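Peer 1:
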Amino acid sequence: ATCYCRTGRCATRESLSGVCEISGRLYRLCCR
């Protein structure tokens with residue numbers, strides 16, 4: 001997949017696949 005760690009919600013063609021921890025903050029792992 002192509003995945004991004006997002007501060008906001010996933011794009012509509014993406015799926016929330018997990019979460020990322022980066023420098024003490026949580027992000028959505030958004031994959032398409």
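Taking the deposited numbering, the leading residue of the sequence shown gets 1, the next gets one more, and so forth. Ideal placement from N, C-alpha and C gives every residue a C-beta, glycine not left out.
What is the rounded straight-line gap between the Cα of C20 and the Cα of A11?
Peer 2: As a working mapping, residue 20 is identified with position 20 in the sequence shown. As a working mapping, residue 11 is identified with position 11 in the sequence shown. Between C20 and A11, the C-alpha separation is close to 16 Å.
Peer 1: Considering just the uninterrupted stretch of the beta strand (DSSP E) at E21, what are its terminal residues?
Peer 2: The count along the sequence shown starts at 1 and reaches residue 21 at position 21. Here the beta strand (DSSP E) through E21 covers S15 to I22.
Peer 1: Buried or exposed for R32, please, with buried defined as at least 16 other CB atoms from any protein chain shown within 10 angstroms of its CB.
Peer 2: Indexing the sequence shown from 1 puts residue 32 at position 32. When all chains shown are included, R32 counts as exposed.
Peer 1: Taking the Cβ atom as the reference point for each residue, do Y27 and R13 lie within a distance shorter than 8 Å?
Peer 2: Counted from its first residue, the sequence shown places residue 27 at position 27. Counted from its first residue, the sequence shown places residue 13 at position 13. Against a cut-off of 8 Å, the Cβ pair of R13 and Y27 comes out as no contact.
Peer 1: Beta carbon of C3, beta carbon of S23: below 8 Å?
Peer 2: Mapped onto the sequence shown, residue 3 falls at position 3. Mapped onto the sequence shown, residue 23 falls at position 23. For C3 and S23, no; Cβs fall outside 8 Å.
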